[PDB]
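First the structure, in the form of structure tokens, and then the observations on it.
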Amino acid sequence: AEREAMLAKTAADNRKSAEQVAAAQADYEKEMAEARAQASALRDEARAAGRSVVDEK
Amino acid sequence: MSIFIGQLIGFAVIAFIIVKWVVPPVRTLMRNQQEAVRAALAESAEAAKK
């Protein structure tokens, strides 16, 4: 029974590992993309504020 | 006396036959299964490490 357990769990752990490398890659990429998107939005807001201040002045 | 000896020679022949032609397949069969199980334990260990 435990022979079986080990074989199957080893299967799922190599599964976990193969899925977890992809999950770490995807999560790092998602966090990086979110940070870059927020940076771009901050730069765009800075440009919009510059346009507003130049227009008002 | 004579019967014992003759059946003892017969047992010697049987032992030789099994050791030469029956022992190699079975012992090594068990042996191959053994190798397999140990290497499976090994794969499990590796996966745990992974």
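Residues are named by chain letter and number: chains run A, B, ... in the order of the structure tokens, numbers start at 1 in each chain, and ligands are numbered from 1 in the order shown.
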
Exercise. Using only C-alpha atoms, find which residues of chain A lie within 10 Å of chain B and jot them down as number ranges by chain.
Key: A: 3, 6-18

Self-check item: Two-atom distance - CA of residue 2 in chain A, CA of residue 42 in chain B (Å)
Solution: 14.6 Å

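Taking CA of residue 57 in chain A and CA of residue 43 in chain A as the two end points, the separation is 20.8 Å.
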